[PDB]
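The entry's author numbering numbers the first residue of the sequence shown as 521 and each following residue consecutively.
Note that the Cβ used here is the ideal one computed from N, Cα and C, for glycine as well.
Everything on this sheet refers to the single structure shown next.
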Amino acid sequence: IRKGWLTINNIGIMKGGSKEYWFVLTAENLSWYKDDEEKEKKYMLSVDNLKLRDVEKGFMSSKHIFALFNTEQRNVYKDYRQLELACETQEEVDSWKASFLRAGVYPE
């Protein structure tokens, strides 16, 4: 449905620090890659059982930040905490939120 680069702010101490990843969004699954060639296949999460929320001032929010969180568990699989995503512009945040909603993600 939508593809682009997104920075993940929540990464564990073993690999901590915000990092930019290539993301592919479809109606069925969310697939994250370290490359735009879509070969790494870092981790995947299903579209459903997820919801979109805003974020608090817990990060140096020089970017436009929104969070996709698991409604069944406390964290995203193969990830640290919930998937807080930072965009270069606010339009990217709104576009991604709309894309996730169309894919099947539900509002908080």
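| Asked | Found |
| --- | --- |
| Of the listed residues 585, 602, 591, 622, nearest to residue 610 (C-alpha basis) | 585 |
| As assigned by DSSP and simplified to three states, the class of residue 622 | helix |
| Where residue 562 sits in the DSSP three-state scheme | coil |
| Bridge partner(s) assigned by DSSP for residue 535 | Residue 535 pairs with nothing; no bridge assigned. |
| Neighbourhood of residue 617 by C-beta distance below 8 Å, restricted to the same chain and skipping five residues each side | 572, 586 |
| Residue 547 versus residue 570: straight-line alpha-carbon distance, rounded | 13 Å |
| DSSP-derived helix/strand/coil call for residue 612 | helix |
| Sequence-distant residues of the same chain with beta carbon closer than 7 Å to residue 575, five excluded per side | 585, 586, 587, 604 |
| Neighbourhood of residue 626 by C-beta, 6 Å cutoff - its chain only, sequence neighbours within 5 removed | 571 |
| Own chain residues within Cβ distance below 6 Å of residue 540, not counting five before or after | 525, 527 |
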